[PDB]
There are 2 protein chains.
Amino acid sequence: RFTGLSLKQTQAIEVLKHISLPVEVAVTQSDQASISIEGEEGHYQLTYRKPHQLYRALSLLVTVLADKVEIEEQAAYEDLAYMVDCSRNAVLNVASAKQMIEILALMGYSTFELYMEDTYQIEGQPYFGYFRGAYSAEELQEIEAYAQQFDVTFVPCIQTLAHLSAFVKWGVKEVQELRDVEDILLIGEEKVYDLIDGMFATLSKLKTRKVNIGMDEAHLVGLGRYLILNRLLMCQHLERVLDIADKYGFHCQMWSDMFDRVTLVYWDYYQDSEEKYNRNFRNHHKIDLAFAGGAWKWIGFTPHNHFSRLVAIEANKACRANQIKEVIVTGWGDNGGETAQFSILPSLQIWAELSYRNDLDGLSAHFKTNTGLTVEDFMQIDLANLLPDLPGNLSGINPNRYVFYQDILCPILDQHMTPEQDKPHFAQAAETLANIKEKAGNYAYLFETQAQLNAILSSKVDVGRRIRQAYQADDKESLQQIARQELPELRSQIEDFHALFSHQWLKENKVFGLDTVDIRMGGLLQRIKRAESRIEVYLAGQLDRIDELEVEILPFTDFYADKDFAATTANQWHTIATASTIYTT
Amino acid sequence: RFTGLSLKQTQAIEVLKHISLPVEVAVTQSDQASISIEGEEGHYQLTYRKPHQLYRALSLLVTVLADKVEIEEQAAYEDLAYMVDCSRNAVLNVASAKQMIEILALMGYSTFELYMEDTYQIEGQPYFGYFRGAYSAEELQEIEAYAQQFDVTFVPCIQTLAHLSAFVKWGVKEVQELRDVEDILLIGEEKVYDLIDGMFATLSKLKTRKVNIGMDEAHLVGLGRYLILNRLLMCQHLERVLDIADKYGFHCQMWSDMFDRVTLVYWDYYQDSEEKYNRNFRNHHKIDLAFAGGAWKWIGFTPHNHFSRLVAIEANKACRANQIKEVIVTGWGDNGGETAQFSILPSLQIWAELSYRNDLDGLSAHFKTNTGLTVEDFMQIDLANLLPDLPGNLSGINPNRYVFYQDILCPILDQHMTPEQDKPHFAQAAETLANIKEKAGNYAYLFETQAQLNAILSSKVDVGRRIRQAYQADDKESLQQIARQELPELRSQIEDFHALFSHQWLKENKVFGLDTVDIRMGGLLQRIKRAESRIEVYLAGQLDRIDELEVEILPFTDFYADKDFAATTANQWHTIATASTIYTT
Ligand SMILES: CC(=O)N[C@H]1/C(=N/OC(=O)Nc2ccccc2)O[C@H](CO)[C@H](O)[C@@H]1O
Ligand SMILES: CC(=O)N[C@H]1/C(=N/OC(=O)Nc2ccccc2)O[C@H](CO)[C@H](O)[C@@H]1O
């Protein structure tokens, strides 16, 4: 029995019943605090500064009530947002954007963002998003309106310069004419500014007038086809993009890195101290700033919520000591979008709590009411990354992925495994994750996938090495065993994982982009088979040496060579899977 | 019963008995003609200008004798060479370099060349050729000495600037420090000139003092890490490379394209007229020249000897009208080295005949004595490329490859198929190729592979389209048929092809690089399976639309859109197999 609620808010609370609502609530828009709940004896007054904040208050309300309740919150940040990568093969389907929106609402996010390089349609640009599951402006309007039900703002993150590799690869004149080098558009070229105009044109059919135009990471701007036909140049390009946006009413932000009518966004997912962020905040202001932090979900199949917690704590302290008014939580999907979309919910609760309380005092409490599980449990999703000899402050260490896609015969990451410490971690993690799966409810699909992965990894982490040992020691028992029993088994487990991945994928994303995963997994299964077949041939007398095994394994990279753990970072499938050429001509 | 033969030559003729030697031969080194055989009644005089020419004379001898024989030949070219790509995953094993050498000897080639970007070892450079099957200097010395048995010169084609993608991808300091951008080395950097010195050092342990230093196609020379730290520049880089080579005694040639102590090599595999080559010869001389033509074997699984014949005829006329003294026949292996090493023997005989006679009057005759089959038969190896509506003068049209690796659900090359004309070509070609296989002898493996391919292609060329037809017309008979009978069958055929490819591969090359093919084929089989599974789900009521099929297929490229055939050129596996990202981050 609420009071002072509008139509829209009453429907919102309805859709939001994630929550179990137990009470009389006087609801008033007050500048008193971000969120005030005050009351007792089953009658409460809840107020909010911003309308969207009704929904976190509600969650806190329902968490605190487990009668006298007195809660104030003054957020640090005027805007908190979550940005989903829909450009790395995984395009979040509508039904999942909605569930996502509902959950961000309950946490306290004001803004929802989709990063689409080429995954939104443009009229008369039919190779822009071709077979990519590009969003229709319907889908973008439907999604935006759903967020609007909760007073949540939609900001498109797009690209107007570089990161356009999947559009520009198409070899028709009308595309090729737009290029300069690699993934970067031809600045100054008129065709380009007509494409960009179609972009904002398509964006203009939504209600938001806030956009992120991208412009990160274009090392080679004007060094290919530009240099050929005709740096400064960026500003020329930028003012133009701005003139275009200002034509359709848009306010623009862009990623800072290549560096008054645009906010710059200093993005940093990596620093383990206040100091480090503080220094770069100095350097940034020195050119209107937002901060993008990281919900680590771009390192293979498995997230890193633990590492996201650590860096979020110190970036929050830096954000506030530099009175940064806007923070963006980024969920990138580097190299295939293979990590689950809902993998990083703890990272999202963490940032909200840090904004609304400057601490993680009520994290698990709020998280459980929003998800139906404790934040310690959910965060076990990271297990395949959490090797026990790693310090929690070094980023991107991702065995989840490079243990999985490594070849058997030619195991080029074998120097980065520590099987005595690794094999048991993975096994028991599979055990822990099966447990959690059973209480995870609608999220169970997430943990089912990680449990099978961890199972595969306990075995796979050193089959390649044991093959090498069993072969230099001439042991026909072991090689025959690996070849006739263990490798075929691995393939079976891997088929199972594929099935679970596919289900996870289709639940969260559109069908498009899954094909890359089918290909990569198909290939792995086929390399496993070669290992079985090559051994059998060596076993039937028909082969002198197994040459692949005669190769001494070097370190894969020296990125973390000077550290006291063997593991490392390796996030390109193609250099994981083979030392041969696969992409080059 | 020969006469005037040395030890070395007597052993050579022995190894060369490819040939059946039937006679008394007076053998003399004369400047009379390239090759003179004159005689009758079972007693002949054979002379040669160059010692290696003994071996083509012998073949001609044994061809003409099928008694009065009177043959003179004055070659156009001082040096004729064949260059094998050993840098695109396929590294020709020793036993196959030898068979190759013996065959080049019989044709008239003076020079044998291996293109190794990173596929020769260098002391203290253990990531240079790591798991690539890099040649040992033993293997290079063994190979060279084998050629020397026939008076054949070995020239290494290497790289000293760009095309080094498989070395530079390794993320250790000692490698990364050598880079500028993409596949191009850091010019001016001292570490680089120490690497290059190790290259010539390793090359210096062979007898040849002739090298091709590469330096083709470096669009971005000094535009990445160069521009960052410090064009002209090329010459600086070049003189340095030359100073290094001149230290170890080497005479240098290099590919012309980026443009007195170096021969330039104008390379052109494409022009269908004397005129076109003539114009570019003008432009070249205008800066000491050799010509590189093409034995087309870099377009997937299947060569194009027919197209190699056509262009070789007109490039021979241009070569002679510009008194070009050296011609190089290049066998590149773009994007996987998936075409057989011995696929292009007709192209090699063709160039030899053009050099030694300025015509193809004795081509089939000489070819059959060297191979044991007619040149028309052997050249049926090209069938999977020879669509009947294509004109023989447009290059790189390669359905052999893009019909094979295309997806089923998302068949992005479907606009380039003409099944009514394509399906029957492939079927009967499989028939023709099974025939030839049976008479091909030791070469049968080559045709066995093309017959299975053509079989797969008759079916595969339009399954994707028929899926789309059977689905927009709601026909549950056809979709169930394709899904439960035809797709599983395709997979079976594809497994068979894989087996035959693997055997072909291992016969000709080292095991390394086959892994890329396993991966690509594994992936295709897995996409076929998805097509079966997605249909079944649509068939069991559990799916609304099959979304993949709801996508209108556009042309893949407009490269040949203005022509009267539907087919095209598409030679990158990764853009063939999927419109998603697979390589990008
Ligand atoms: C604005 C932005 O975030 N752009 C890319 C970003 N790019 O991040 C870096 O380049 N980091 C980095 C690389 C080398 C040294 C130090 C930091 O990282 C994400 C996760 O990997 C992505 O892939 C984004 O698409
Ligand atoms: C010296 C040389 O031959 N270098 C590359 C060459 N590169 O050839 C071109 O770049 N042709 C070309 C490309 C665009 C327009 C016109 C000609 O072709 C071969 C076959 O494809 C290769 O891949 C070689 O490694």
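Draft legend 1. Up close: the overall build of chain A. Tallying secondary structure elements over chain A gives 20 helices and 15 strands in all. The C-alpha radius of gyration of chain A comes to 26 Å, within 12% of the 25 Å expected for a compact globule of 585 residues. Counting only C-alpha atoms, chain A reaches 85 × 70 × 45 Å along its principal axes.

Draft legend 2. Here's a closer look at the relation of the copies chain B and chain A. Aligned on chain A, chain B shows an RMSD of 0.0 Å; the corresponding rotation is 180° and the shift along the axis is 0.0 Å. On the angle and the small slide along the axis, the relation comes out as a two-fold axis. Counting the interface residues of chain B, we find that 100% of their copies in chain A are interface residues as well, pointing to one common contact surface.

Draft legend 3. Region of interest: the interface of chain B and chain A. Residue-level contacts link 67 residues of chain B with 67 residues of chain A. Contributing elements (two or more residues each) for the side of chain B that touches chain A: α5 (165-168), α18 (476-508), α19 (514-539) and α20 (573-577) of chain B. Residue composition of the side of chain B that touches chain A, by class: 28 nonpolar, 20 polar and 19 charged.

Draft legend 4. Molecular detail of the packing of aromatic side chains. Aromatic pair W296 of chain A and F307 of chain A: ring centres 5.3 Å apart, planes at 90°, arrangement edge-to-face. Residue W296 of chain A is found in the loop between β14 (289-294) and α11 (305-320), and its partner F307 of chain A is found in helix α11; the two are separated by 11 residues along the sequence. Each residue in the set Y127, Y130, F131, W170 and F512 of chain A together with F556 of chain B is aromatic and connected to the rest through ring pairs, giving one cluster. Over the ring of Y193 of chain A we find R240 of chain A, and its NZ or CZ is 4.8 Å from the ring centre.

Draft legend 5. Representation of the domain arrangement of chain A in the model. All names here are of chain A. For chain A, the domain assignment lists domain 1 (1-74), domain 2 (75-360) and domain 3 (361-585). Taken over C-alpha atoms, the centre of domain 1 sits 45 Å from the centre of domain 3. Each side of the interface is counted separately: domain 1 has six residues, and domain 3 has four residues. Looking at side-chain class alone, the side of domain 1 that touches domain 3 contains two nonpolar, three polar and one charged residues.

Draft legend 6. Representation of the pattern of salt bridges in the model. Across the pair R466 of chain A and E486 of chain A runs a salt bridge whose closest N-O atoms are separated by 2.5 Å. On the criterion of sequence distance, the pair formed by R466 of chain A in helix α17 (residues 444-472) and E486 of chain A in helix α18 (residues 476-508) is long-range, its members being 20 residues apart. For the salt bridge of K8 of chain B with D151 of chain B, the shortest nitrogen-to-oxygen distance reads 2.7 Å. Each of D407, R527 and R530 of chain A together with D518 of chain B takes part in salt bridges that share partners, so that together they form one network.

Draft legend 7. The arrangement of the sheet that holds strand β3 (residues 35-40) of chain A in detail. Spatially, the five strands line up as an open sheet ordered β1-β2-β4-β3-β5 (chain A), and their pairing is mixed. Bordering the open sheet on either side are β1 (2-3) and β5 (69-73) of chain A, each of which pairs with just one other strand.

Draft legend 8. Representation of the sheet that holds strand β5 (residues 69-73) of chain B. Taken in spatial order, the five strands line up as β1-β2-β4-β3-β5 (chain B) in an open sheet, and their pairing is mixed. One side of each edge strand has no neighbouring strand; the edge strands of this open sheet are β1 (2-3) and β5 of chain B.

Draft legend 9. Representation of the packing of helix α2 (residues 54-64) of chain A against helix α13 (residues 363-371) of chain A. Residue and element names in this part refer to chain A. α13 packs onto α2 with a crossing angle of 105° between their chain directions and a minimal axis gap of 9 Å. Comparing their axes, α13 and α2 come out roughly perpendicular. In this structure, α2 uses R56, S59, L60 and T63 to contact α13, whose residues at the interface are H366, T369 and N370. Among the residues forming the contact of α2 with α13, the class breakdown is one nonpolar, five polar and one charged.

Draft legend 10. Examining the pairing of strand β6 (residues 79-85) of chain A more closely. Residues and elements named next belong to chain A. The sheet contact formed by β6 and strand β15 (residues 326-331) spans six bridges and is parallel. Bridge assignment links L80 to a residue of β15, and that residue is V327. Between β6 and its parallel partner strand β7 (residues 111-115), the chain crosses via helix α3 (residues 94-107), and the hand of that crossover is right-handed.

Draft legend 11. Representation of helix α9 (residues 233-248) of chain B within the structure. Look at α9 of chain B: 23 Å from first C-alpha to last across 16 residues, which is about the 22 Å you get at 1.5 Å a residue. Of the residues one or two after α9 of chain B, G249 of chain B is the one with positive phi, at around 95°.

Draft legend 12. Layout of the side chain of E117 of chain B. All names here are of chain B. Positionally, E117 belongs in the loop between β7 (111-115) and α4 (137-148). Here the side chain of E117 touches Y115 through a polar contact of 2.7 Å, side chain to side chain. Apart from residues no more than four positions distant in its own chain, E117 is found in contact with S87, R88, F128, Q159, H163 and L164.

Draft legend 13. Quick look at the pairing of β15 of chain A. Residue and element names in this part refer to chain A. Pairing analysis gives four bridges linking β14 to β15, with the strands arranged parallel. Looking across to β15, one finds that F291 is bridged to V327. Taking the sense of rotation as the criterion, the β-α-β connection linking β14, α11 and β15 turns out right-handed.

The rules behind each value
Residues numbered from 1 in each chain as written, not as in the entry; some residues may be left out. Chains lettered and ligands numbered in written order. Heavy atoms only, no water. Residues with missing side-chain atoms left out of burial classes, pairs and counts. Helix = DSSP H or I, 4+ residues; strand = E, 2+ residues; numbered from the N terminus. Rg over C-alpha atoms; globule rule 2.2 N^0.38 Å. Least-squares fit on C-alpha atoms. Contact = heavy atoms within 4.5 Å. Nonpolar A, V, L, I, M, F, W, Y, C, P; charged D, E, K, R; others polar. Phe/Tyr/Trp six-rings, centres within 6.5 Å; stacked < 30°, edge-to-face > 60°. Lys NZ or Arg CZ within 6 Å of the ring centre and 35° of its normal. Domains from an automatic or database assignment. Salt bridge = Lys/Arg side-chain N within 4 Å of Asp/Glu carboxyl O. Pairing = 2+ DSSP bridges. Axes fitted to C-alpha atoms, helices over the stretch in contact; angles between N-to-C directions. Parallel < 35°, antiparallel > 145°, perpendicular 65-115°, else oblique. Right-handed = clockwise from strand over helix to strand, strands pointing away. Expected span 1.5 Å × (residues − 1). Polar contact = N/O pair within 3.5 Å; in protein donor to acceptor, adjacent residues only side chain to side chain.

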